[PDB]
Number of protein chains: 2
Amino acid sequence: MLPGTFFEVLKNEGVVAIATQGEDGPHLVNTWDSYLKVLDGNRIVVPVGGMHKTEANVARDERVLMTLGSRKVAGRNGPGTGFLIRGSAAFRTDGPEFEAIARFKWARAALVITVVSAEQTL
Amino acid sequence: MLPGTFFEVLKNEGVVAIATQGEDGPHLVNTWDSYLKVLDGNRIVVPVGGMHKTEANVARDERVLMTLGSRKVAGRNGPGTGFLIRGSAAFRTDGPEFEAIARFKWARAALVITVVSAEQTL
Ligand SMILES: Cc1cc2nc3c(=O)[nH]c(=O)nc-3n(C[C@H](O)[C@H](O)[C@H](O)COP(=O)(O)O)c2cc1C
Ligand SMILES: Cc1cc2nc3c(=O)[nH]c(=O)nc-3n(C[C@H](O)[C@H](O)[C@H](O)COP(=O)(O)O)c2cc1C
């Protein structure tokens, strides 16, 4: 379901933001555009070094939001676009989903986001 | 309280993410590094075109989170850094905080974030 324009954004560097639901409000962490590995079946994989609070939140509520964008990709009304991604998160520590990001020697896990919707917001 | 390194990030284009507490989980929206207007008294101002869900959330819970970063600014262990900003939000349609972003003629409002903490997370 992830559209072509989303893959165009991924070709460009940028800050990715990942929101979770915590006990006393939202939490928000980051990765890089270039770190994302997209697999078939609508899966975005993120290398996890920290994300301990994020992981605790996902354990309680699997639903996450992700945003990313680039000034270098054309939006609907001018240069620059981005996306709001909604999906369910899981943390993997073995198997193909972990191997997808195992190149990162600091990785303790793979954050796997199964995408339910992708909206171009610009 | 906002540190020099944060202002170095703002010299570079990038995607800013703003998380709020929604009715059924977090909400997450964006602006650009170059749109942020920093005022005395630890205030960050964002031009508001949409942000209708965000405004509804802020009306009920003023606490917000913001992230931003850049590969072009050195972090602690290599190239690239970014920030987690925590603060309280208000929406303004007049006064000096609105005038700060009034040059954006599509702006219906100014989102004013009064910063309580700024953490360099990389
Ligand atoms: C631009 C940027 C990229 C980041 N990339 C990662 C990353 O790929 N993996 C990771 O675990 N943390 C990364 N971090 C740090 C996380 O955003 C977060 O601060 C840290 O993992 C702690 O997560 P937690 O608050 O859920 O415990 C990055 C931070 C920034 C500013
Ligand atoms: C890179 C990027 C920059 C954006 N800049 C703004 C902005 O400056 N002001 C704004 O109102 N919306 C901006 N948007 C759209 C918002 O993220 C959001 O989708 C829209 O304001 C609707 O907000 P809401 O879901 O809270 O109703 C931007 C989106 C992207 C991807």
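We count ligands from 1, going down the list as the structure has it; atoms in each ligand are counted the same way. Chain A is the first sequence line, chain B the second, and so forth, proteins listed ahead of strands; every chain is numbered from 1.
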Any pair counted as salt bridge (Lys or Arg N to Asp or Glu O under 4.0 Å), so long as it reaches residues 111-122 of chain A, sequence neighbours left out: none
Selection residues 40-60 of chain A - residue pairs positive for salt bridge (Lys or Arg N to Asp or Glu O under 4.0 Å), sequence neighbours left out: A:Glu23-A:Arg60, A:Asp40-A:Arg43, A:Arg43-A:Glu97, A:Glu55-A:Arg108
Heavy-atom closest contact (A:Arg63 atom, B:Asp24 atom, distance): NH1-O, 2.8 Å
Sorted by chain and number, the residues that approach ligand 1 to under 4.0 Å with a heavy atom: A:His27, A:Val29, A:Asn30, A:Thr31, A:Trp32, A:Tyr35, A:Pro47, A:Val48, A:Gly49, A:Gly50, A:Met51, A:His52, A:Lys53, A:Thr54, A:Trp106, B:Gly82, B:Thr121, B:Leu122
With sequence neighbours excluded, residues passing salt bridge (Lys or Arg N to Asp or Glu O under 4.0 Å) with A:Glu13: B:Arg71
Verify same cluster id: B:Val16, B:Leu10 (apolar side-chain graph, 4.5 Å): yes
Any donor-acceptor pair under 3.5 Å from A:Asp61 side chain to A:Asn57 backbone: no
